[PDB]
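Take a look at this single chain in structure tokens; it is the form deposited in one PDB entry.
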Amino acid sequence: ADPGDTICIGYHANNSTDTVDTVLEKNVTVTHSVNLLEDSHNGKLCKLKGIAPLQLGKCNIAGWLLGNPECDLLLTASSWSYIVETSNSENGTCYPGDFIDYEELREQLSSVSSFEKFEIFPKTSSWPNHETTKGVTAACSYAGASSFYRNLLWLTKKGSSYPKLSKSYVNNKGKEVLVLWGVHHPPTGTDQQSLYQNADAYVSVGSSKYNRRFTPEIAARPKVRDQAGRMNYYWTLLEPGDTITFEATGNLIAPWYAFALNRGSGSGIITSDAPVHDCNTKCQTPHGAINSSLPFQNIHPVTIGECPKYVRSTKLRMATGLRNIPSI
């Protein structure tokens, strides 16, 4: 008017086809939006802070710490960013019996990032007047010959006698020491005499934090791996500066090696069959590693490191732009 010049106010459209939901309206095509939800992983188990996990593989935590002969690959392991059991982690206690407070031991290990293994009661040195062979046993075989745990030492009679031992270790490692022993409960024994030379025997283990006596329960028990005897496994965490004392007249499966523990946050035990690879991640799940800065993920509730928050959602898209109306 007169010449018809015009100005119009309007808003952007584009060819975006992403949609967001609102409360009033589902599937609204917007011009710009962001996805808040990570749903991708690389299908591998990776290092954190340059440290590889510990892959126990065919072994479980019990076979690892006790030193099952099938776990010899683990002997040199001293530090890890997390611990991995697989769906085939079955080599644990090769000589049958209960691992006492095992779920607690697993909870403790979950905050251990490394250790220093050492020979707590060196074999054939700390035991001048007891036998140190046989067992050994076929239940725990290696290369088709009876063998034993690499960390425990099965003590036996020195020909018909067995004097009340008293072996004591003082913790001068400057940290907690995890000490494992066993107590053997032979069947109709007989065997009791044949191994320990004394029939009314006992084991006693003492420190400030822990004190317990064990009487052998000699009895008829089903065969497990050709063995009708059973063996109970025990652990304790010896405090820095404190003293642990073993006393017995038989049936002691004694500590040979023990572990000096380094605590660390951010570590843990996971079950995964994914393969380990030389990759690095800040976030690890049992399905695989996440490389993401998104605030949520739907991959797995189990996480090592620093991860997005697990939610059940399959979609979380947040609008940034406006309703997209490229054509009328």
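What we label the rigid core is the largest C-alpha set whose atoms superpose within 1.5 Å from one form to the other. Residue numbers run from 1 along the displayed sequence.
Visitor: Tell me which of 82-90 and 168-176 has the higher mean C-alpha B-factor in the deposited entry.
Guide: So the stretch with the higher mean C-alpha B-factor is 168-176.
Visitor: Do the CA atoms of 121-129 or those of 106-114 have the higher mean B-factor in the entry?
Guide: Higher mean C-alpha B-factor in the PDB entry: 121-129.
Visitor: Please work out which residue in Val205, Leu237, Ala219, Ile100 has the highest C-alpha B-factor recorded for this crystal structure.
Guide: Most elevated C-alpha B-factor of the set, per the entry: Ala219.
Visitor: Please work out which residue in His32, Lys49, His287, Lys26 has the highest C-alpha B-factor recorded for this crystal structure.
Guide: It is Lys49.
Visitor: Can you work out whether the C-alpha temperature factor of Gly264 puts it in the lowest, middle or highest third of the chain?
Guide: Highest third - that is where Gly264 ends up once the chain's C-alpha B-factors are sorted.
Visitor: Compare the C-alpha B factor of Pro69 with those of the other modelled residues in its chain, then answer lowest, middle or highest third.
Guide: Its C-alpha B-factor belongs to the highest third of this chain's values.
Another form, the form deposited in another entry, is not on view; read the next lines as being about it.
Visitor: With the two forms superposed on the core, which of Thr236, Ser114, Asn232, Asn151 shows a CA shift of 2 angstroms or more between this form and the one not shown?
Guide: It is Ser114.
Visitor: So, superposing on the core, is the move of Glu25 at the CA at least 2 angstroms between this form and the one not shown?
Guide: No; that C-alpha moves by less than 2 Å between this form and the one not shown.
Visitor: Any CA movement of 2 Å or more for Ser272 between this form and the one not shown, core superposed?
Guide: Comparing the forms between this form and the one not shown, which are aligned on their rigid core, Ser272 does not shift its C-alpha by 2 Å or more.
Visitor: Taking the rigid core as the frame, does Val302 move its C-alpha by 2 Å or more between this form and the one not shown?
Guide: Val302: C-alpha displaced by 2 Å or more between this form and the one not shown.
Visitor: Just say closer or farther for the C-alpha distance from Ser272 to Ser114 in that other deposited form, relative to the shown form; it changes by 3 Å or more.
Guide: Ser272 and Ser114 sit farther apart in that other deposited form.
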